[PDB]
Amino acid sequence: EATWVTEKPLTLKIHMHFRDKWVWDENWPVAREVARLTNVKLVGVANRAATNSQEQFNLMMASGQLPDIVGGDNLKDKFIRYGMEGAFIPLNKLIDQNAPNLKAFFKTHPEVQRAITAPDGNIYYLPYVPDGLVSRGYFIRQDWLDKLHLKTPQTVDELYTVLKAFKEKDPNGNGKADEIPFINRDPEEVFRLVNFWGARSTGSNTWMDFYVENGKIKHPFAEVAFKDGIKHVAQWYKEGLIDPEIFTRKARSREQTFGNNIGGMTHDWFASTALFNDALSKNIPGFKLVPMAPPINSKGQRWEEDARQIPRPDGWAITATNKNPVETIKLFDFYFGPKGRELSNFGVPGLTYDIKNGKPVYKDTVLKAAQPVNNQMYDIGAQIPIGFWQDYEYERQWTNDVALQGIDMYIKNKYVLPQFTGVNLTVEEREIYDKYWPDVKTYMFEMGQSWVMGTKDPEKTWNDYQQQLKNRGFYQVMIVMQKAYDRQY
């Protein structure tokens, strides 16, 4: 082939554990097709039985026996830290000399290059580059609203009334108090409910990210607004308005709850969430899960805190043990060219899509499957958090009119908050970040869960919590973040 990266066939080892559920599979249709076109085959070495992606990275790193490539989600920080320590190689020269598609991408997307550049000026990974503007929105059961003679809730107080009616007034009509008013695939979304009481949960699509307010770097979990907001979330959890299993249910939450007519509301991505209307129309007559404007919060605003993050802190890196870095960067580059981008987005031609009227078009068997197309793509090795360039066209093809109405409502009415795009730490500032932040973040999540579940009272533990943050070096992290912000802006 002319797309061939190397003349002699090459096999590389990739450690890629992602989203706590998936590993790289060389038997994937997409992986097979990429191997054929590039003459480079990636063989997975990650533990498929394991269910903690970050831990698997840690074990691999601690063992000292590195593969050739490491990929996965939420590895940006680890790519940078172990890049500077020499476990991953800088890609700057390799890109410049061997990677025209990446060069042309970075030229036209300077902001992405900046986002993946380490404090030493080196690029240690290639990112998952999403395509699109909005991500998540609120969805509510319109059929339940109508059946209970309720108007769409406009404020937090009105929402409380609605969710209470969902819980107590038997909208599925089976005589049981089985309804769960608010559900979510993502446990972290329970924290986002503090938005209703004028508190942030994250600055970006990255969970528990910092934000900027009036020239000051802040972290959502350290703010007194969070203390007051999480108190309310705890109350709603105690009242059973929030899924008792919100921390545990996870991936198939929508299929379980909406699919069995017990879920009333969620906060999730427009396309896949709205697809549930098509999937459940026969099973649950009248089922209508519609986008809802965010309620007016206690600060008098309608917040959509989440948006697409370009790029994501996801991707892959070349190890120092890799004896074929030139061949590897050319493989990496393939994904940003026309054929590579097509495959990594749409799957395999003849299997999952066809070129029709000069464009990749999903087969009817894919579009009418009543299973979200992104899920379908994962199964065959597409839409995975490698270094690749998402093409929104893939998503447009399975975004229905209900999803479109929601997307357009959110764009036009300006609900989406300005996103935190990070600060440029020096190497010295980064040392403090890498040292303290991971353990602080873990502590924050665990305290957050405790407050929500009612095992700890936020009001009674706040002062000791703050002291613990100090002891764990959180405010040392805040100092370097603010210093970096002051330099950059």
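Heads up: residue numbers just count along the shown sequence, starting at 1.
Stretch comparison (177 to 185 versus 113 to 121) by mean CA B-factor in the PDB entry places 113 to 121 on top. Comparing the deposited coordinates for 414 to 422 and 361 to 369, the stretch with the larger average C-alpha B-factor is 361 to 369. Take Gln405, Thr266, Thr321, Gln154 and read off each C-alpha B-factor from the entry; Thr321 has the highest. Looking only at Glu85, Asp314, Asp143, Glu393, the residue with the top Cα B factor in the deposited structure is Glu85. In the deposited entry, the Cα temperature factor of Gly215 sits in the top third of values across the chain's modelled residues. Sort the chain's modelled residues by C-alpha temperature factor and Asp96 lands in the highest third, per the entry. Residue-level temperature factors show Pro90 in the highest third of its chain, judged at the C-alpha atom. Among all modelled residues in its chain, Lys339 ranks in the middle third by Cα B-factor. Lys76: CA B factor in the middle third of modelled residues in this chain (values from the PDB entry).
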